Amino acid sequence: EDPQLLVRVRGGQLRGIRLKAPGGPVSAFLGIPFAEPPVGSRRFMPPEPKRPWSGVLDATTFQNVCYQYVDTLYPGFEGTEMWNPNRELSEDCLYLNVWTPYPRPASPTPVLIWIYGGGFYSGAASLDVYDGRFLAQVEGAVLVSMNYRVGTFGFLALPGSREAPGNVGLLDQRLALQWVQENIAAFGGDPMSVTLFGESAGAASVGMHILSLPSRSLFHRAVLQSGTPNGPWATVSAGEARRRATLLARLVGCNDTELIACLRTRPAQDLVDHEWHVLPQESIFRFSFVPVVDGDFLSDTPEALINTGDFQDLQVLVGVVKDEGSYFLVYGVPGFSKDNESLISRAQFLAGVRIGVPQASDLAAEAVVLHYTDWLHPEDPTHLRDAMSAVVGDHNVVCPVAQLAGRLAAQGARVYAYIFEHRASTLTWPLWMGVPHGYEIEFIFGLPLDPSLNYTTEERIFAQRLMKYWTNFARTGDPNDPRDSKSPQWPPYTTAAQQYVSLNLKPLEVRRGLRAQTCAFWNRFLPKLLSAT
Amino acid sequence: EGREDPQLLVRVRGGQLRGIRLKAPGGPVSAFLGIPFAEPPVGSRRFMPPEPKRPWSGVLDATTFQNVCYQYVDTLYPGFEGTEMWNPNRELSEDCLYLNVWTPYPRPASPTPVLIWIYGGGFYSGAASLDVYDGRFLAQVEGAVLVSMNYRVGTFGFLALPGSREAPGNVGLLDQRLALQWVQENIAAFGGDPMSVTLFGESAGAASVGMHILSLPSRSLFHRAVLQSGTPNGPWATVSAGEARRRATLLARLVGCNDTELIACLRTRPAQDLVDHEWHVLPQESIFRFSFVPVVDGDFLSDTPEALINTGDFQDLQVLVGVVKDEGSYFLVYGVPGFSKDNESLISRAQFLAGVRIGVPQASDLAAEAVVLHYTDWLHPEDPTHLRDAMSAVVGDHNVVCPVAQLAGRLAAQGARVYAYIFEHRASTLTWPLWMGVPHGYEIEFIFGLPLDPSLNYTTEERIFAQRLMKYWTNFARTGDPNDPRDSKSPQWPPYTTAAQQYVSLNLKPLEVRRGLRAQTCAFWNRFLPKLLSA
Ligand SMILES: NC(=O)c1cc[n+](CCC[n+]2ccc(/C=N/O)cc2)cc1
Ligand SMILES: NC(=O)c1cc[n+](CCC[n+]2ccc(/C=N/O)cc2)cc1
Ligand SMILES: *[C@@H]1O[C@H](CO)[C@@H](O)[C@H](O)[C@H]1NC(C)=O
Ligand SMILES: *[C@@H]1O[C@H](CO)[C@@H](O)[C@H](O)[C@H]1NC(C)=O
Ligand SMILES: [Br-]
Ligand SMILES: [Br-]
């Protein structure tokens with residue numbers, strides 16, 4: 001019985017496990033319950049605090065993955081499988097994970113809380129790319145990650161109902177944040193220094209905690225990687241939520257109360273089976289059950305809230321990868337495949353645009369095409385392909401990020417911005433996809449430090465740089481190394497200079513304007529164009 | 001005759017002419033100035049198509065420029081050389097339909113390829129007697145036969161009650177055509193080759209050239225065309241029949257005037273009275289818009305220029321087209337608040353938005369926002385210098401560069417051989433401020449070889465540059481190809497094509513080839529904008 005592995009939290013006693021990181025041991029506490037299992041009558045309901053337990057709870061292994069769709073597009077393919085559930089699926093899934101240095105930190109240590117992505121329909125804190133041992137070992141970080149309900153289980157909403165209020169997945173995350181507040185000190189973590197970081201849907205989730213009053217007291221800093229609360233995919237109106245919920249109910253044979261009761265009787269996989277069929281249009285980068293503007297968790301739309309928010313007390317790190325859009329193209333755009341070079345025709349490009357910008361009117365889609373066309377080579381299939389990617393990436397991540405950055409900086413927040421441009425030597429996707437959505441994560445989490453992974457040593461050095469930025473940000477709200485003079489320095493993003501940095505094997509380079517001209521098209525003109533249909 | 005210079009007596013269809021021996025820097029040229037090609041379009045003939053000049057008795061003296069067609073005179077910067085060079089340099093009169101011929105001296109032995117100049121001036125001004133249109137240099141140095149005609153401008157040349165007999169419209173264009181026919185009948189008498197006629201013009205002159213291309217009855221009158229900073233298509237060169245009718249009736253009202261009766265009243269008004277009111281009939285506050293221009297009459301122009309260039313066949317045709325670096329700057333000082341020739345014209349974002357409404361007068365609010373959004377530098381949205389240069393570009397792109405790009409494209413795609421250029425040399429002698437760069441109209445003096453005149457103060461490099469340009473122009477007149485047949489040691493000028501969209505830079509440095517004429521931005525003006533307005 002290793003005293004270093006025994007912790008007492010408010011709920012009782014836990015036993016962690018000692019894991020080996022390339023440079024030493026870490027204490028891991030996996031599968032810690034933070035809520036009553038949201039099963040049965042609890043389905044679709046706000047989470048409830050875990051009841052206390054007797055004896056010593058085994059916290060040495062990952063718990064179940066929240067019930068979710070499993071990707072089938074390229075069965076057995078490492079590129080897609082790495083995101084799939086690596087534990088048994090279950091609605092009983094509200095557990096979190098904690099890594100600390102071994103032994104337990106001598107003093108209160110800054111906490112990082114990871115919130116995974118997956119379009120709000122998938123994901124798990126137990127994935128390898130979210131392995132927290134490296135950050136704990138090398139940086140001395142206390143690292144927390146929670147499972148939260150996805151798909152219908154987490155976000156199906158009949159706005160105004162008592163039995164399906166919506167946003168319960170976000171409430172899962174918030175409850176976990178509270179748990180950290182009440183318990184993290186027992187692990188040597190500092191409740192007064194908590195940094196949320198997340199990617200994609202996880203980034204959007206972080207964004208929503210920023211925009212929700214009750215979450216404010218639960219964290220001090222935020223990192224949003226490749227995702228925002230604002231933008232086309234992260235939220236839906238009460239009306240659209242109600243619409244999708246009713247439709248899904250109809251699709252499985254089911255007055256709110258009676259409708260939700262009937263839904264509570266269906267095997268989990270029935271709901272998952274019809275989940276994806278409620279989308280209003282043929283689209284990509286669009287998800288069926290996501291946070292809903294309920295006037296509760298979100299008092300108004302994200303755009304409204306970031307436009308009028310006061311972000312004085314806040315530091316934020318935001319950024320994107322070089323090719324945000326590529327990944328999504330193979331999941332709906334004719335002409336695109338991970339197997340060929342996906343060279344496309346102008347006709348396919350126009351077709352692609354209606355799918356990538358599913359809300360676009362004809363004139364808006366034409367506006368897009370004309371903007372993204374290279375009029376020197378309007379038919380070159382290589383640019384047409386890369387343009388299709390750019391359209392999707394810009395529309396969904398880059399410009400929503402540029403907007404958020406601007407609004408936050410303009411309204412009191414300390415903001416740092418990056419673009420991530422290194423393509424993993426070990427990437428299994430085709431070259432034409434470049435640096436795809438999600439492939440900075442393995443570097444931030446420090447995986448290349450594991451020799452058995454076969455990254456280059458430049459990459460191992462690169463990962464070390466990134467873990468430094470992230471953890472320095474967590475410690476101080478400033479990613480800059482306090483010992484390193486000459487680098488150059490990572491400047492804050494401001495509406496004036498609009499500076500951000502490139503993250504790659506070369507040293508920090510400062511650039512100005514985050515796709516400034518094109519995002520202006522998306523952020524300023526496009527809305528006017530659609531408001532006049 | 002008898003004691004006169006035997007080399008200066010020539011007969012044309014209308015009678016005998018006595019020309020004059022002029023001194024060019026490298027020797028004498030023959031000039032025949034103020035030759036009548038039509039009956040004076042005066043009195044009951046005002047607004048009417050031109051009638052051929054009735055033959056005269058004796059020897060018509062052709063030693064001086066004739067009247068300038070009645071027109072408005074610019075008054076923005078009184079006395080300033082930058083504006084005065086364009087102003088009338090002979091008496092204003094409705095009796096103004098005369099043309100000029102320069103030829104080598106003595107005249108050419110074999111048939112010589114002919115260049116016909118058509119001046120610009122927004123269809124409300126201009127004259128073939130201006131110093132910058134002096135044909136002595138092209139005649140002397142290139143041995144060219146050069147012809148320029150006066151044509152009626154403003155109301156006298158373009159007021160139309162479409163469908164009427166007494167004011168059919170486009171008569172200014174008919175003046176031009178009549179002169180082209182005169183060249184066909186008579187130019188051989190000077191040693192000119194009627195079977196090798198090349199039209200060239202700038203601004204409204206270029207658009208005029210463009211319209212002869214688009215008008216069937218003109219087909220047989222020329223073989224090749226140069227369009228400098230102007231096009232038949234675009235926002236300013238034509239008006240609908242409806243808009244012309246609207247403008248004519250409004251002008252009539254402003255001077256106290258059934259088509260027949262209205263026109264009859266207009267014919268009793270002093271010419272000056274029409275000039276004093278012509279500028280008042282424009283639909284909006286604007287720049288680069290002119291009250292009385294060619295109308296789409298379903299006759300001279302069987303359809304809109306846009307339609308005609310889209311569906312036309314242009315095989316047996318070579319065309320040279322191009323623009324200057326700063327097409328728009330000149331126009332800013334004539335109506336965009338914040339702009340002047342006397343300061344740097346650094347403007348605020350607000351003045352930029354206001355300028356866009358003026359420079360794009362037909363734009364709805366959304367289309368204007370589109371323009372502003374496109375031209376804004378979102379790294380420096382409030383920067384006065386960028387906004388000033390952006391305002392120039394908006395005007396330049398909308399009115400010249402993109403209509404030209406549009407035209408070159410259609411022409412090329414449809415049989416024409418097209419060469420394209422951008423002219424980037426700012427004259428050492430320019431009197432406008434540096435911020436205006438290379439303004440609309442300021443390549444002309446080089447094409448005509450004025451820098452060869454020692455007393456003009458051009459640099460030696462400018463002299464040499466002018467010689468190159470005269471070569472390009474005359475080579476194209478001769479062969480439909482600006483390239484020198486011999487000198488292949490000098491860089492070549494590729495034709496413009498839809499595929500490669502190549503054009504050359506014209507400056508003190510040797511020809512340099514470039515690709516795409518504001519392709520990205522012109523896609524906005526040519527493809528997107530139309531669709532945004534119709535919605
Ligand atoms: N039910 C849904 O909303 C739903 C919508 C769309 N899809 C297709 C997901 C296709 N996809 C998988 C992974 C990624 C990103 N990886 O980093 C991007 C896209 C699956 C489910
Ligand atoms: N009546 C009219 O149409 C009319 C319209 C506009 N203006 C002002 C013209 C002001 N302007 C003069 C010369 C040039 C180009 N020079 O190369 C550019 C602009 C005068 C008359
Ligand atoms: C330049 O002159 C114009 C015309 O008077 C004026 O509108 C503008 O404000 C001036 N620009 C300055 C003073 O910077
Ligand atoms: C050329 O320069 C000389 C010397 O300054 C001057 O006297 C003359 O007036 C100038 N000529 C012209 C036409 O500008
Ligand atoms: Br998707
Ligand atoms: Br004007």
# chains A, B, ... in the order shown; residues from 1 in each chain; ligands from 1
$ interface_residues --of "chain A" --to "chain B" --cutoff "8 Å" --atoms "only C-alpha atoms" --output "PyMOL selection string"
chain A and resi 363+366-367+370-371+374-376+496-498+512-513+516-517+520-521+524-525+528-529
$ write_last_selection --atoms "N, CA and C atoms" --output "tab-separated table (two decimals), in the first residue's frame"
chain	number	residue	atom	x	y	z
A	363	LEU	N	-26.72	33.00	-53.76
A	363	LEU	CA	-25.87	34.16	-53.96
A	363	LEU	C	-24.69	34.11	-53.00
A	366	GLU	N	-22.28	31.59	-54.25
A	366	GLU	CA	-21.58	32.15	-55.39
A	366	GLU	C	-20.50	33.10	-54.88
A	367	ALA	N	-20.86	33.93	-53.91
A	367	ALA	CA	-19.90	34.83	-53.29
A	367	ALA	C	-18.69	34.05	-52.78
A	370	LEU	N	-16.54	32.59	-55.78
A	370	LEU	CA	-15.82	33.65	-56.47
A	370	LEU	C	-14.64	34.13	-55.63
A	371	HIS	N	-14.85	34.19	-54.32
A	371	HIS	CA	-13.79	34.62	-53.42
A	371	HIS	C	-12.65	33.61	-53.35
A	374	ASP	N	-9.17	30.84	-57.68
A	374	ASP	CA	-7.99	31.53	-58.14
A	374	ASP	C	-8.18	31.82	-59.62
A	375	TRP	N	-8.40	33.09	-59.96
A	375	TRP	CA	-8.81	33.45	-61.30
A	375	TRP	C	-7.69	33.39	-62.34
A	376	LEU	N	-6.47	33.17	-61.87
A	376	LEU	CA	-5.38	32.83	-62.77
A	376	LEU	C	-5.47	31.37	-63.18
A	496	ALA	N	-5.32	46.00	-32.56
A	496	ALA	CA	-4.43	46.93	-33.26
A	496	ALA	C	-3.44	46.20	-34.17
A	497	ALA	N	-2.48	45.50	-33.57
A	497	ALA	CA	-1.44	44.83	-34.34
A	497	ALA	C	-1.85	43.45	-34.88
A	498	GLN	N	-2.84	42.83	-34.26
A	498	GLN	CA	-3.31	41.51	-34.69
A	498	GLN	C	-2.19	40.48	-34.82
A	512	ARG	N	1.17	39.02	-38.60
A	512	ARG	CA	0.09	39.95	-38.32
A	512	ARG	C	-1.11	39.64	-39.20
A	513	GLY	N	-2.29	39.63	-38.59
A	513	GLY	CA	-3.52	39.40	-39.32
A	513	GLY	C	-3.80	37.93	-39.52
A	516	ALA	N	-6.91	37.97	-42.35
A	516	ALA	CA	-7.69	39.18	-42.11
A	516	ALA	C	-8.68	39.53	-43.22
A	517	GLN	N	-8.24	39.46	-44.47
A	517	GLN	CA	-9.11	39.79	-45.60
A	517	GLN	C	-10.26	38.80	-45.75
A	520	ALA	N	-12.76	38.75	-42.92
A	520	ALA	CA	-13.63	39.91	-43.10
A	520	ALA	C	-14.81	39.56	-44.02
A	521	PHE	N	-14.54	38.82	-45.08
A	521	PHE	CA	-15.62	38.31	-45.93
A	521	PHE	C	-16.62	37.48	-45.12
A	524	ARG	N	-17.92	39.80	-41.65
A	524	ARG	CA	-18.55	41.10	-41.84
A	524	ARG	C	-19.55	41.13	-43.00
A	525	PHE	N	-19.15	40.59	-44.15
A	525	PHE	CA	-20.01	40.70	-45.32
A	525	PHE	C	-21.03	39.57	-45.44
A	528	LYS	N	-24.45	40.01	-43.73
A	528	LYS	CA	-25.26	40.98	-44.45
A	528	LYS	C	-25.84	40.35	-45.71
A	529	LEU	N	-25.04	39.53	-46.38
A	529	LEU	CA	-25.48	38.91	-47.62
A	529	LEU	C	-26.63	37.95	-47.42
$ residues_near_ligand --ligand "ligand 3" --cutoff "8 Å" --atoms "only C-alpha atoms and all ligand atoms" --output "PyMOL selection string"
chain B and resi 333+337-347
$ residues_near_ligand --ligand "ligand 1" --cutoff "9 Å" --atoms "only C-alpha atoms and all ligand atoms" --output "PyMOL selection string"
chain A and resi 68-71+73+79-80+83+117-122+151-152+200+272-279+283-290+325-332+436-439
$ write_last_selection --atoms "C-alpha atoms" --output "compact mmCIF listing (two decimals), in the first residue's frame"
# COMPACT_ATOMS: atom_id res chain seq x y z
CA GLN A 68 -21.67 7.48 -28.58
CA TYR A 69 -21.54 6.80 -32.30
CA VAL A 70 -18.46 4.95 -33.54
CA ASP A 71 -16.83 5.95 -36.82
CA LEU A 73 -15.77 5.32 -42.61
CA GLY A 79 -6.14 7.83 -38.62
CA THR A 80 -9.81 7.44 -37.70
CA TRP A 83 -10.58 8.96 -32.03
CA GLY A 117 -13.78 17.30 -28.68
CA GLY A 118 -15.75 15.06 -31.03
CA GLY A 119 -18.52 17.24 -32.45
CA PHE A 120 -20.47 16.93 -29.20
CA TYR A 121 -21.42 13.44 -30.43
CA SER A 122 -18.27 11.51 -29.55
CA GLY A 151 -24.93 13.04 -28.57
CA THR A 152 -28.57 12.85 -27.53
CA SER A 200 -12.75 21.58 -31.30
CA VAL A 272 -27.42 6.84 -31.73
CA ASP A 273 -28.74 5.06 -34.84
CA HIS A 274 -30.95 8.03 -35.80
CA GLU A 275 -28.88 10.83 -34.26
CA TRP A 276 -27.24 11.91 -37.49
CA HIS A 277 -30.40 11.88 -39.58
CA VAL A 278 -31.95 15.01 -38.04
CA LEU A 279 -29.62 17.50 -39.76
CA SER A 283 -23.56 19.11 -44.68
CA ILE A 284 -20.13 18.60 -43.24
CA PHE A 285 -18.75 20.14 -40.05
CA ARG A 286 -22.27 20.12 -38.65
CA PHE A 287 -23.58 18.11 -35.70
CA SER A 288 -27.03 17.05 -34.57
CA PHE A 289 -26.98 17.59 -30.81
CA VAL A 290 -24.89 20.44 -29.50
CA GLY A 325 -10.89 21.75 -43.17
CA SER A 326 -9.31 18.75 -44.89
CA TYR A 327 -10.43 16.02 -42.47
CA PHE A 328 -14.10 16.93 -42.95
CA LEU A 329 -14.10 16.76 -46.75
CA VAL A 330 -13.87 12.96 -46.96
CA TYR A 331 -17.09 12.70 -44.94
CA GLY A 332 -19.49 14.16 -47.50
CA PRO A 436 -5.55 18.30 -40.14
CA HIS A 437 -8.03 19.25 -37.42
CA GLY A 438 -6.87 17.57 -34.21
CA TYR A 439 -3.22 16.83 -34.96
$ select_by_dssp --residues "range 251-379 of chain B" --states "helix (DSSP H, G or I)" --output "NGL selection string"
:B and (251-254 or 259-266 or 271-281 or 305-311 or 329-332 or 349-359 or 365-375)
$ residues_near_ligand --ligand "ligand 4" --cutoff "7 Å" --atoms "only C-alpha atoms and all ligand atoms" --output "PyMOL selection string"
chain B and resi 455-457
$ write_last_selection --atoms "N, CA and C atoms" --output "compact mmCIF listing (two decimals), in the first residue's frame"
# COMPACT_ATOMS: atom_id res chain seq x y z
N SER B 455 12.46 70.98 -77.04
CA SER B 455 12.00 72.09 -76.20
C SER B 455 10.96 71.68 -75.15
N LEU B 456 10.72 70.39 -74.98
CA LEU B 456 9.70 69.95 -74.03
C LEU B 456 10.25 69.51 -72.68
N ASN B 457 11.57 69.31 -72.60
CA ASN B 457 12.23 69.06 -71.32
C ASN B 457 12.14 67.63 -70.79
$ closest_atom_pairs --of "chain B" --to "ligand 2" --cutoff "6 Å" --atoms "only C-alpha atoms and all ligand atoms" --output "Markdown table"
| residue | atom | partner | partner_atom_place_in_ligand_line | distance |
| --- | --- | --- | --- | --- |
| B:124 | CA | ligand 2 | 3 (O) | 5.7 |
| B:278 | CA | ligand 2 | 1 (N) | 5.2 |
| B:279 | CA | ligand 2 | 1 (N) | 3.6 |
| B:289 | CA | ligand 2 | 5 (C) | 5.8 |
| B:290 | CA | ligand 2 | 3 (O) | 3.1 |
| B:291 | CA | ligand 2 | 3 (O) | 4.1 |
| B:330 | CA | ligand 2 | 18 (C) | 5.5 |
| B:331 | CA | ligand 2 | 19 (C) | 4.8 |
| B:334 | CA | ligand 2 | 10 (C) | 5.6 |
| B:440 | CA | ligand 2 | 17 (O) | 4.8 |
| B:441 | CA | ligand 2 | 17 (O) | 4.2 |
$ write_last_selection --atoms "C-alpha atoms" --output "mmCIF file, in the first residue's frame"
data_model
loop_
_atom_site.group_PDB
_atom_site.id
_atom_site.type_symbol
_atom_site.label_atom_id
_atom_site.label_comp_id
_atom_site.auth_asym_id
_atom_site.auth_seq_id
_atom_site.Cartn_x
_atom_site.Cartn_y
_atom_site.Cartn_z
ATOM 1 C CA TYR B 124 -18.552 66.062 -73.548
ATOM 2 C CA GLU B 278 -25.753 69.381 -69.587
ATOM 3 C CA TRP B 279 -23.905 68.454 -66.384
ATOM 4 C CA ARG B 289 -20.111 59.618 -65.280
ATOM 5 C CA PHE B 290 -21.079 61.740 -68.245
ATOM 6 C CA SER B 291 -24.465 63.158 -69.154
ATOM 7 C CA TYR B 330 -7.591 62.165 -61.660
ATOM 8 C CA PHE B 331 -11.323 61.768 -61.057
ATOM 9 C CA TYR B 334 -13.639 66.419 -59.248
ATOM 10 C CA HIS B 440 -5.675 58.737 -66.729
ATOM 11 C CA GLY B 441 -4.554 60.210 -70.044
#
$ residues_around --residues "range 78-80 of chain B" --least-positions-apart "6" --cutoff "12 Å" --atoms "only C-alpha atoms" --output "PyMOL selection string"
chain B and resi 86-87+341-342+430-432
$ atom_distance --atom1 "CA of residue 228 in chain B" --atom2 "CA of residue 210 in chain B"
10.3 Å
$ closest_residue --among "B:308, B:287, B:387, B:10" --to "ligand 6" --atoms "only C-alpha atoms and all ligand atoms"
B:287
$ closest_residue --among "A:400, A:448, A:358, A:189" --to "ligand 5" --atoms "only C-alpha atoms and all ligand atoms"
A:358
$ residues_around --residues "residue 420 in chain B" --least-positions-apart "5" --cutoff "8 Å" --atoms "only C-alpha atoms" --output "mmCIF file with C-alpha atoms, in the first residue's frame"
data_model
loop_
_atom_site.group_PDB
_atom_site.id
_atom_site.type_symbol
_atom_site.label_atom_id
_atom_site.label_comp_id
_atom_site.auth_asym_id
_atom_site.auth_seq_id
_atom_site.Cartn_x
_atom_site.Cartn_y
_atom_site.Cartn_z
ATOM 1 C CA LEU B 320 -4.175 46.290 -78.540
ATOM 2 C CA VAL B 321 -5.571 47.242 -75.111
ATOM 3 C CA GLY B 322 -4.174 48.631 -71.889
ATOM 4 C CA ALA B 408 -9.710 41.489 -73.547
ATOM 5 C CA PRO B 495 -0.573 37.904 -76.987
ATOM 6 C CA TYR B 496 -3.142 38.033 -74.200
ATOM 7 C CA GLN B 502 -0.373 37.702 -70.133
ATOM 8 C CA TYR B 503 0.274 41.426 -70.559
ATOM 9 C CA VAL B 504 3.368 43.627 -70.490
#
$ atom_distance --atom1 "CA of residue 101 in chain B" --atom2 "CA of residue 146 in chain B"
5.7 Å
$ closest_residue --among "A:229, A:169, A:12, A:356" --to "ligand 5" --atoms "only C-alpha atoms and all ligand atoms"
A:356
$ atom_distance --atom1 "CA of residue 23 in chain A" --atom2 "CA of residue 106 in chain A"
19.0 Å
$ residues_around --residues "range 234-240 of chain B" --least-positions-apart "5" --cutoff "8 Å" --atoms "only C-alpha atoms" --output "PyMOL selection string"
chain B and resi 204+207+288-290+293-297+306+398-400+403
$ residues_around --residues "residue 299 in chain B" --least-positions-apart "4" --cutoff "12 Å" --atoms "only C-alpha atoms" --output "PDB file with N, CA, C and O atoms, in the first residue's frame"
ATOM      1  N   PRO B 162     -34.612  58.566 -78.185  1.00  0.00           N
ATOM      2  CA  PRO B 162     -34.498  57.313 -78.939  1.00  0.00           C
ATOM      3  C   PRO B 162     -35.779  57.004 -79.707  1.00  0.00           C
ATOM      4  O   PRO B 162     -36.868  57.061 -79.143  1.00  0.00           O
ATOM      5  N   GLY B 163     -35.643  56.694 -80.992  1.00  0.00           N
ATOM      6  CA  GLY B 163     -36.793  56.402 -81.825  1.00  0.00           C
ATOM      7  C   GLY B 163     -37.232  57.590 -82.663  1.00  0.00           C
ATOM      8  O   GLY B 163     -37.852  57.419 -83.710  1.00  0.00           O
ATOM      9  N   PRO B 168     -32.010  61.045 -83.153  1.00  0.00           N
ATOM     10  CA  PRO B 168     -31.880  59.582 -83.137  1.00  0.00           C
ATOM     11  C   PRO B 168     -30.825  59.094 -82.151  1.00  0.00           C
ATOM     12  O   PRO B 168     -30.900  57.958 -81.682  1.00  0.00           O
ATOM     13  N   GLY B 169     -29.847  59.945 -81.853  1.00  0.00           N
ATOM     14  CA  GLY B 169     -28.779  59.594 -80.936  1.00  0.00           C
ATOM     15  C   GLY B 169     -27.514  59.129 -81.637  1.00  0.00           C
ATOM     16  O   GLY B 169     -27.523  58.839 -82.832  1.00  0.00           O
ATOM     17  N   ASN B 170     -26.422  59.069 -80.884  1.00  0.00           N
ATOM     18  CA  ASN B 170     -25.145  58.573 -81.392  1.00  0.00           C
ATOM     19  C   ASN B 170     -24.570  59.324 -82.593  1.00  0.00           C
ATOM     20  O   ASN B 170     -23.637  58.837 -83.230  1.00  0.00           O
ATOM     21  N   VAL B 171     -25.102  60.501 -82.909  1.00  0.00           N
ATOM     22  CA  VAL B 171     -24.633  61.212 -84.101  1.00  0.00           C
ATOM     23  C   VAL B 171     -23.147  61.576 -84.002  1.00  0.00           C
ATOM     24  O   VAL B 171     -22.460  61.697 -85.017  1.00  0.00           O
ATOM     25  N   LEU B 173     -20.955  59.532 -82.872  1.00  0.00           N
ATOM     26  CA  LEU B 173     -20.341  58.324 -83.408  1.00  0.00           C
ATOM     27  C   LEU B 173     -20.448  58.283 -84.931  1.00  0.00           C
ATOM     28  O   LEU B 173     -19.530  57.833 -85.614  1.00  0.00           O
ATOM     29  N   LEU B 174     -21.569  58.771 -85.454  1.00  0.00           N
ATOM     30  CA  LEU B 174     -21.771  58.871 -86.891  1.00  0.00           C
ATOM     31  C   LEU B 174     -20.785  59.850 -87.527  1.00  0.00           C
ATOM     32  O   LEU B 174     -20.326  59.628 -88.649  1.00  0.00           O
ATOM     33  N   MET B 211     -16.813  50.814 -80.051  1.00  0.00           N
ATOM     34  CA  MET B 211     -18.153  50.777 -80.606  1.00  0.00           C
ATOM     35  C   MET B 211     -18.166  50.574 -82.112  1.00  0.00           C
ATOM     36  O   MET B 211     -19.103  49.997 -82.656  1.00  0.00           O
ATOM     37  N   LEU B 214     -18.038  47.058 -82.548  1.00  0.00           N
ATOM     38  CA  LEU B 214     -19.308  46.402 -82.262  1.00  0.00           C
ATOM     39  C   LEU B 214     -20.415  46.767 -83.249  1.00  0.00           C
ATOM     40  O   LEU B 214     -21.513  46.223 -83.177  1.00  0.00           O
ATOM     41  N   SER B 215     -20.133  47.684 -84.165  1.00  0.00           N
ATOM     42  CA  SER B 215     -21.153  48.157 -85.094  1.00  0.00           C
ATOM     43  C   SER B 215     -20.849  47.744 -86.538  1.00  0.00           C
ATOM     44  O   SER B 215     -19.827  48.128 -87.106  1.00  0.00           O
ATOM     45  N   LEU B 216     -21.753  46.967 -87.125  1.00  0.00           N
ATOM     46  CA  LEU B 216     -21.512  46.341 -88.428  1.00  0.00           C
ATOM     47  C   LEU B 216     -21.084  47.303 -89.543  1.00  0.00           C
ATOM     48  O   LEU B 216     -20.101  47.042 -90.243  1.00  0.00           O
ATOM     49  N   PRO B 217     -21.822  48.411 -89.719  1.00  0.00           N
ATOM     50  CA  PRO B 217     -21.483  49.379 -90.772  1.00  0.00           C
ATOM     51  C   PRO B 217     -20.061  49.937 -90.673  1.00  0.00           C
ATOM     52  O   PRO B 217     -19.573  50.512 -91.645  1.00  0.00           O
ATOM     53  N   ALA B 241     -31.781  53.452 -73.684  1.00  0.00           N
ATOM     54  CA  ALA B 241     -32.641  54.387 -74.390  1.00  0.00           C
ATOM     55  C   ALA B 241     -33.493  55.145 -73.378  1.00  0.00           C
ATOM     56  O   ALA B 241     -33.710  56.351 -73.506  1.00  0.00           O
ATOM     57  N   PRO B 294     -22.928  57.703 -75.910  1.00  0.00           N
ATOM     58  CA  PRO B 294     -23.632  56.771 -76.797  1.00  0.00           C
ATOM     59  C   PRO B 294     -24.793  56.055 -76.109  1.00  0.00           C
ATOM     60  O   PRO B 294     -24.683  55.597 -74.968  1.00  0.00           O
ATOM     61  N   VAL B 295     -25.909  55.975 -76.819  1.00  0.00           N
ATOM     62  CA  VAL B 295     -27.093  55.295 -76.323  1.00  0.00           C
ATOM     63  C   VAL B 295     -27.260  53.938 -77.018  1.00  0.00           C
ATOM     64  O   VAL B 295     -26.968  53.797 -78.210  1.00  0.00           O
ATOM     65  N   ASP B 303     -27.444  45.995 -79.544  1.00  0.00           N
ATOM     66  CA  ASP B 303     -27.722  45.556 -78.180  1.00  0.00           C
ATOM     67  C   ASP B 303     -26.710  46.239 -77.259  1.00  0.00           C
ATOM     68  O   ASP B 303     -25.894  47.038 -77.715  1.00  0.00           O
ATOM     69  N   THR B 304     -26.753  45.935 -75.967  1.00  0.00           N
ATOM     70  CA  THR B 304     -25.758  46.483 -75.059  1.00  0.00           C
ATOM     71  C   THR B 304     -24.398  45.964 -75.475  1.00  0.00           C
ATOM     72  O   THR B 304     -24.298  44.882 -76.050  1.00  0.00           O
TER      73      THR B 304
END
$ closest_residue --among "B:230, B:106, B:157, B:120" --to "residue 191 in chain B" --atoms "only C-alpha atoms"
B:106
$ closest_residue --among "A:359, A:403, A:107, A:307" --to "residue 141 in chain A" --atoms "only C-alpha atoms"
A:107
